[PDB]
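Q: my sequence and its experimental structure, below.
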Amino acid sequence: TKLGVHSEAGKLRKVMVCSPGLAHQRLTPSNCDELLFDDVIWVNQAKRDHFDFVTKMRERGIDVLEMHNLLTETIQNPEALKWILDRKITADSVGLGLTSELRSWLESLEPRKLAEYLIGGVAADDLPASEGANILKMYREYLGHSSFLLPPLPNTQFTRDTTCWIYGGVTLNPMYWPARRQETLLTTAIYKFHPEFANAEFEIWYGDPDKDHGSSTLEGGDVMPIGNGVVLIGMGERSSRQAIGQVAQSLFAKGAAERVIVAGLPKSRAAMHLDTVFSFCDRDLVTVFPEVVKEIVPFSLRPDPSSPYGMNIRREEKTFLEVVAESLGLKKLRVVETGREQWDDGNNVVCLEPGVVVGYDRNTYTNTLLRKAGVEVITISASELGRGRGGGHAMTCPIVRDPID
Amino acid sequence: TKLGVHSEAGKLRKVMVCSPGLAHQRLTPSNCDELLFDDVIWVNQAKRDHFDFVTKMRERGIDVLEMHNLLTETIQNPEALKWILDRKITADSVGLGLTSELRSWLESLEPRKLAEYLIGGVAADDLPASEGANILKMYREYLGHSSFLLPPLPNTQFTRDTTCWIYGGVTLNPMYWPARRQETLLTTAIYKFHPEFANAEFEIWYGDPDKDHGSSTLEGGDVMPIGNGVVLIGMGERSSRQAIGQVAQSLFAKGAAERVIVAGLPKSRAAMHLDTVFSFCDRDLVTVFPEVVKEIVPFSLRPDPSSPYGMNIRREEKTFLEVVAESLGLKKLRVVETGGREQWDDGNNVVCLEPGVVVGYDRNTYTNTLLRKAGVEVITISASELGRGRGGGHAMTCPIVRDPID
Amino acid sequence: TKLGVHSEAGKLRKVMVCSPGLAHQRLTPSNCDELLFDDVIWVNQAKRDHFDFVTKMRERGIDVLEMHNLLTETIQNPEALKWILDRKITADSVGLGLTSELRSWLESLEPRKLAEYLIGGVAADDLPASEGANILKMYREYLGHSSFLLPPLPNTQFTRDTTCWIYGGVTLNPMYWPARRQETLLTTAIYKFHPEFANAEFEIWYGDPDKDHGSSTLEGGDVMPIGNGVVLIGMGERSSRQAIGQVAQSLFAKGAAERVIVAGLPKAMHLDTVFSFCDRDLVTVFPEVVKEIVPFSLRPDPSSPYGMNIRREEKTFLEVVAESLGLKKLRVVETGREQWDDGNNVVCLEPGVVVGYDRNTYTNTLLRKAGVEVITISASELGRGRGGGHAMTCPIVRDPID
Amino acid sequence: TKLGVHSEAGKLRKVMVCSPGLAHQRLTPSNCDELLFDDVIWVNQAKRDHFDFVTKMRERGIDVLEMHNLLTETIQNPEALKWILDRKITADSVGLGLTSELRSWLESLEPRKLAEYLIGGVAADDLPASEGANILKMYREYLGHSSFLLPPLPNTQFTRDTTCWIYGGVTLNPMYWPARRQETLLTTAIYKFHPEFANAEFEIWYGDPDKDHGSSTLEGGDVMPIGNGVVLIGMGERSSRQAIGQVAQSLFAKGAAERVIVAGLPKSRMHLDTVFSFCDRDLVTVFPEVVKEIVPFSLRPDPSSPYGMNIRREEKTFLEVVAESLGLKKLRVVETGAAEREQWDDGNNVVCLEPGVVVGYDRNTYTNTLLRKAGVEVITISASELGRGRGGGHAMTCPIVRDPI
Ligand SMILES: NC(=[NH2+])NCCC[C@H](N)C(=O)O
Ligand SMILES: NC(=[NH2+])NCCC[C@H](N)C(=O)O
Ligand SMILES: NC(=[NH2+])NCCC[C@H](N)C(=O)O
Ligand SMILES: NC(=[NH2+])NCCC[C@H](N)C(=O)O
């Protein structure tokens, strides 16, 4: 089947996940926050928890693609490896006194360790001896500077955000935190050169790891192509209006979407994606974080030949849940709120098929409700995986998912 | 003479400054820390204090250029205004639905006002009424998002960092904090089009608003062309090795410097430039914040004709105050310690007008009484407002022409 | 002419203030924050400004009492000194290894100096060489531990908070931040022994520095005896409900008040920071916060086992206040034009006369239009402590109106 | 019955623990920060984990006492109950309007449950409908005010800290953070009225929940009666010199210790047992960066002193000082946190069960691996949930009876 994602709840054919790796081995107490993690994690156990997760879907007939294995196969291709380093290793990222050797040693590496380093990041102490690399070791100890030639990209674990598919099209997103900004290059190389993508039919709606985006930032966790030619997009936090306006315009220009419902998320330095406060568990069933979903102001954005920028905004008077409801042809949306006994946040489950969802073991209360609501809930352990502030939805990137209606 | 800064102590002939303005009237308790200010300031009083500063430099023969002025004149040439708006207003900065509204509006303003808007930023309601401004206005009144089309840039007040002159040439600095990165486009426009620059002779050693630069960040406050063919550059905080390398590489190619003393500064996300902890007051005098300077690891970048990159970095094994001293044929630097004997003192960051004549803040009476006992004449300005901005005289000046010392 | 405050706009006849001093001299980029200052200030300048604030007041016939002076006089009476030192210098505060040398050292000083220290705190370096003092220094030099035997109390500058007068009585307030709790004792001593107070006739409605009040915290800037046997008290930020309820109870039981309008505050800031009187029916306000104030009326009631009734007022805070004073409506000047400005916290010297800061030109001019003579002082240093005229004044005698 | 802890390494015969509970059910993402937790924890899971820890210690002969159980039994004695309530329910803690109600309500509950409320906190909501309680509900409803009459004390989980045995006696700690301060009254009530203590013999070196203490703070995690009349106490973070000085004196006056070794802790934002732990007779785990910065000071008795003590600064690294005081040439050391490591790891805070047997967290594989090579048996437990409270086995245990070596 032609690549493409046509809803949030239909049968999921092909997903991309990224297992914890070397990046997380590089987490430290004094750097985890800047690396967007609540704390260091026990990496080995996290690989086990992630694999079990891979397994629970790769036993449901879903073809789960792992990012390391894809990069790996992708760089085995000489051309493809030339394309990434040419843009990754440079005078402005690595240093003119190191670019040569860093690239040399990396090009020396077996494909699979190379790919491990493109995601995990490279430390001065990982290159062969040179005076260029020894002073770094020195800057870092002596002064407390970073020694990373290439940085650790632990959030690649969150494939939901680096790129997202919108009905047979994908966006290569300009990440908000600089800490996750280098991710797009890699995933972009994959779609560019990997056999699973290269001779495949599909559009690149918006994005370009080569271009500098400034204030336009978009992250997949804020994107949901729900099925009517309608697309939901959260705004004001990770995704900016500059960004949504250009994606919307593209999608309208190719007829990919008929309407985009912008979800205005009240501001907060506490950055949260749409999928963190609102998820789909089935045709007419969603879990939500009430406190945050009742504050959201929806604006419908539709194409407009009678407008210079070819579109028309309009603010929706009812509530987000009300708006999404009609936009799907519903009398209403069944609802499970995530905030008896302890606090719980069971938002961010991912649908595998309508009626089947994968979430975290620890949200027993939100999960029993989901079940009393006819949803089969498969749980995976959030002990380590969840320390990165994301769940099932955040750990998946749908590439092929069937429509619903 | 030619445009060019050849020391830190030599006779100041031409300085650029930027007066507090609209950008500052935009300060609020909730935005001031991201805008790099300690608190809101009384702008009319700031303006007075800044002009007192200008005046005290003007009555000494120094030619004091003020950024708003320069921007305004520059704006008069349609070409300069085209080049700037062409770059400041994109769907990636302002948004597909407000680009035409904004630029057209800005073009309707008289030069000096539009100048004030480019520096001070543009909010939604600053614009004539329209759907665009309104949808923009709601995002803020319902969701609390920023209405700023153009962002205010209050740190333009610190002329020192945005760009800097190293001997006979300038650098267009790619700022550390997002909140200052848009400053560079504005000054570059002046050096390009304004008459005092457009024809003058100087070299542009490093920089370009039109490029990404990525991990390369450089800031004037961390650059000192102390003279004798050397340049001191603080590293680790606002300025990165990725940038310095290129700077040192360019200065050597064109024989503008013979060596660069890279000052390795202890880390602290709490920012902090080299001129805030170390400062020349006189040819052999310097103020210093002990607690950070005696943690500086010195290094020397010298051009090496036989290296793929063309230069060697030897770590010095003497203290920074020793590596500096010796690089000016100096036995030893004389020092005045800052950061407190009666109360705390933050006397670094003064600025030399001529060997033996500095300008600093009135409040640092200790440091000042010592600079004076060490034979310096210290002129003072008020810190009450200009200082809630985290900067001193040095921070508020950008020498364009300062004489050789020797 | 008895002691008491019977309004916020009435003719001020006697006030306590405290100039900046040794405490502020101890400010640093590293402690200022925890000492409740936005930064290190220029002290001598600060002292000149405060002195201007004082002279500007005295020129109006107001009896302005300086805390350092009150204290200095107070400790000239041996019993007073002892009373204070016994409480202040213990093994739990100073350390058993230094209570003797610190005390005998302090008692050797000229009163004035002694007081400067009680208010400014005392460092290990200030002491006469001793081994006790040396390890103290050692803890500082080698590990960054505080070398203060007695901590600096720069917030004494804000006399408004540590104690407050309500219709013929005062409260010794259990302070909220550990950084200001040591203030209460100093002032209690003054009220206890100083001749201006010792023989004066007045009630102590609430408080005791010798008692640990646990969750009961109460700060001056949240209290306002507006008149009509009514009393305003902001709650939820620096003043807790546990403190407020026992304060009301005492007032009602001694007949010193008819009603207590609790001002429920959202989410630190005292009441006089987002609301304050400028004239008989005129106030300054910070819209964003005052519009959210939930008011609760607290009155006497034989029905209740704790003998008090609470009703949540349906109308806004501005109205309830209005009505409580017989006014149909209060005239309001908002503080959120050329720039942002916070001009709340002025202090009235009488009806129509107010002292505030030079910087708040926009609010000062609107106040002038409302017919108020606005005397201004410099905020450049004094305001870095986060407090205006109202915060730096503790009315002792102030007439009512009507 | 001779209670007393005369070592860190010797045979653990009696410890007190405190299982996670109601207190932890009240953790929220907006309140965990100030409750000293890294995040909310899966309480039911955490309970099974604690039980595993508890069972593992019992299966080895150690007498393990559950703080809730002790409280419960203590509560049944009317006197004890009243000794607690009189002190815990006052106009200053609960407010005049609700003191009577709260007390009657509590006094009407089953002991076990009343103990759970005493440790877990009470919410206005938990009281039977009443005008008083509804007012408190509205301060929370309309102003966002805390509605706790009594506060949850989830850190009771860390019995290490609220009290601590030092040879033949114990200290009733005046806690550092106000969030843990109300823990002391409860354990003191236990030690004062519960049959397992009221009759046993032991001294009370220092402490009193009735007193205020001011700047005298002191916590169990900083205290170590290592043996030889020697006691180690970390200074500067949770425990202050004004407290340490009073304790040393009390032990010196009663002849329970010869010397107190104050371990100068570098300035703040952690307890001593968090960067230094005994695993055997001559073996300790160490967190290099902080341990190499500790400045030891020897505090010995002294008649010549008006206050009876004299303290001297030592130039020997902390590790030597402890070695020397234990009569050892030097301590075997295992560094946590430059070997051949795979990731960050923090295996400090293990607790010994007896010489050569320790209980640590399963996640710290590298450290437990070096500990095993040093000849220590390392029983592990899950930190998935327990550890989000910032503490290990040493922190979750309060040795009551531990023989010396
Ligand atoms: N779609 C999501 N909810 N993603 C969660 C991503 C979490 C990751 N640590 C980040 O900061 O990006
Ligand atoms: N060279 C200097 N000292 N510059 C100081 C600039 C201060 C300004 N508020 C900033 O954070 O950028
Ligand atoms: N009534 C007042 N506004 N008092 C202000 C006191 C300011 C002082 N820094 C404090 O934080 O307590
Ligand atoms: N002895 C210890 N290591 N205790 C650790 C205590 C952890 C607890 N969350 C607190 O901050 O109090």
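A: Ah, there it is. Residues are numbered from 1 along each chain as shown, chains lettered A, B, ... in the order given. Ligands and ions are numbered 1, 2, ... in the order given.

Q: do a quick rundown of the helices in the stretch 151-300 of chain A.
A: Using DSSP state H, counting those that start in this stretch, the helices of the stretch 151-300 of chain A run over residues A:159-162, A:183-193, A:241-253, A:274-277, A:290-293.

Q: which one, of those helices, ends up nearest to residue B:291?
A: helix A:183-193 (39.0 Å; Cβ to Cβ). (C-beta placed from N, C-alpha, C; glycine too.)

Q: identify all contacting residues around the closest one.
A: The contact list for helix A:183-193 (Cβ atoms under 8 Å, 6 or more residues apart in numbering or on different chains) reads A:67, A:70-71, A:74-75, A:77, A:79-80, A:83-84, A:87-88, A:118-119, A:153, A:155-156, A:159, A:162-163, A:170, A:172-175, A:197-198, A:204, A:207, A:209.

Q: and the helices in the stretch 1-150 of chain A?
A: So, for the stretch 1-150 of chain A - with DSSP H, counting those that start in this stretch - the helices run A:22-25, A:43-57, A:67-75, A:78-88, A:99-108, A:111-120, A:131-142.

Q: out of those helices, which gets nearest to residue A:386?
A: helix A:43-57 (9.0 Å).

Q: list the buried ones in that closest one?
A: A:43, A:44, A:45, A:46, A:47, A:49, A:50, A:51, A:53, A:54, A:56, A:57 (16 or more other Cβ atoms under 10 Å in any protein chain shown).

Q: for residue A:287, see how far away the residue lying closest to residue A:9 once chain neighbours are set aside is.
A: Once flanking residues are discounted, residue A:9 sits nearest to residue A:351: 4.3 Å by Cβ to Cβ, 6 or more residues apart in numbering or on different chains. Distance of residue A:351 to residue A:287, computed by Cβ to Cβ, to the nearest Å: 11 Å.

Q: tell me, what's touching those two both at once?
A: Shared contacts of residue A:351 and residue A:287 (Cβ under 8 Å, 6+ apart): residue A:281.

Q: residue of the stretch 1-150 of chain A nearest chain C, please.
A: residue A:144 (17.7 Å; Cβ to the nearest Cβ).

Q: once you drop chain neighbours, what's closest to that residue?
A: Closest to residue A:144 by Cβ to Cβ, 6+ apart is residue B:267, at 3.8 Å.

Q: looking at the stretch 1-150 of chain A, what residue ends up closest to ligand 3?
A: Closest contact between the stretch 1-150 of chain A and ligand 3, by Cβ to the nearest ligand atom, is at residue A:33 (28.5 Å).

Q: and the residue nearest to residue A:9, what does it touch?
A: Here residue A:351 is in contact with A:8, A:9, A:10, A:12, A:280, A:281, A:282, A:357 (Cβ under 8 Å, 6+ apart).

Q: run through the bridge partners of it.
A: residue A:357 (DSSP bridges).

Q: I'd like the distance between it and ligand 2.
A: 47 Å (Cβ to the nearest ligand atom, to the nearest Å).

Q: same question for residue A:247.
A: 34 Å.

Q: how many other residues sit next to that residue?
A: Look at residue A:247: counted by other Cβ atoms under 10 Å in any protein chain shown, it has 26 neighbours.

Q: isn't it up against residue A:206?
A: Yes - using Cβ atoms under 8 Å, residue A:247 is in contact with residue A:206, at 4.4 Å.

Q: list residues touching both of those two?
A: A:171, A:218.

Q: give me the most central residue, chain A.
A: For chain A, the residue sitting closest to the mean C-alpha position, by Cα atoms, centre = their mean, is residue A:161 at 1.8 Å.

Q: what sits against that residue?
A: Residue A:161 sits in contact with A:155, A:173, A:175, A:180, A:219, A:220, A:221, A:238, A:273, A:394, where contact means Cβ under 8 Å, 6+ apart.

Q: what does residue A:387 give?
A: Residue A:387 touches A:37, A:38, A:39, A:40, A:41, counting by Cβ under 8 Å, 6+ apart.

Q: burial measure for the last one, as a count.
A: The tally of other residues near residue A:41 (other Cβ under 10 Å) stands at 26.

Q: next one: the first one
A: Residues contacting residue A:37 under the criterion other Cβ under 10 Å number 19.

Q: now do it against ligand 1, distance only.
A: 6 Å.

Q: the fourth one too?
A: When distances are taken as Cβ to the nearest ligand atom, residue A:40 and ligand 1 turn out to be 13 Å apart.

Q: neighbour-wise, which one of the contacts of residue A:161 leads?
A: residue A:173 (32 neighbours).

Q: smallest gap between chain A and ligand 4, at which residue?
A: For chain A and ligand 4, the shortest gap (Cβ to the nearest ligand atom) falls at residue A:39, measuring 13.3 Å.

Q: quick one: contacts for that residue?
A: By Cβ under 8 Å, 6+ apart, the contact set of residue A:39 is A:29, A:32, A:387, D:38.

Q: how would you label the third one: helix, strand or coil?
A: Pointing back at residue A:387 there. Following DSSP: H, G, I helix; E, B strand; the rest coil, the label given to residue A:387 is helix.

Q: quick one: the strands in the stretch 151-300 of chain A?
A: Here the stretch 151-300 of chain A has its strands, by DSSP state E, counting those that start in this stretch, at A:163-165, A:169-172, A:203-207, A:223-224, A:230-235, A:259-264, A:278-282, A:285-288, A:297-303.

Q: contacts for the second one, please.
A: I take that to be strand A:169-172. By Cβ under 8 Å, 6+ apart, the list of residues contacting strand A:169-172 reads A:3-4, A:162-164, A:184, A:187-188, A:191, A:202-209, A:218, A:220, A:223, A:247, A:251, A:254, A:256, A:399.

Q: that strand pairs with which strands?
A: Looking at strand A:169-172 with DSSP bridges, its partner strands are strand A:163-165 (antiparallel), strand A:203-207 (parallel).

Q: which residues are in contact with residue A:8?
A: Residues in contact with residue A:8, defined by Cβ under 8 Å, 6+ apart, are A:224, A:225, A:226, A:227, A:279, A:280, A:351.

Q: nearest to chain B, out of those: which one, please.
A: The closest of the contacts of residue A:8 to chain B turns out to be residue A:224 (Cβ to the nearest Cβ; 18.9 Å).

Q: hey, what's that closest one bridged with?
A: Beta-bridge partners of residue A:224, as defined by DSSP bridges: residue A:232.

Q: that one contacts residue A:273, doesn't it?
A: No - Residue A:224 is beyond contact range of residue A:273, at 10.2 Å (criterion: Cβ under 8 Å).

Q: I'd say residue A:27 and residue A:153 touch.
A: No - Residue A:27 is beyond contact range of residue A:153, at 11.6 Å (criterion: Cβ under 8 Å).
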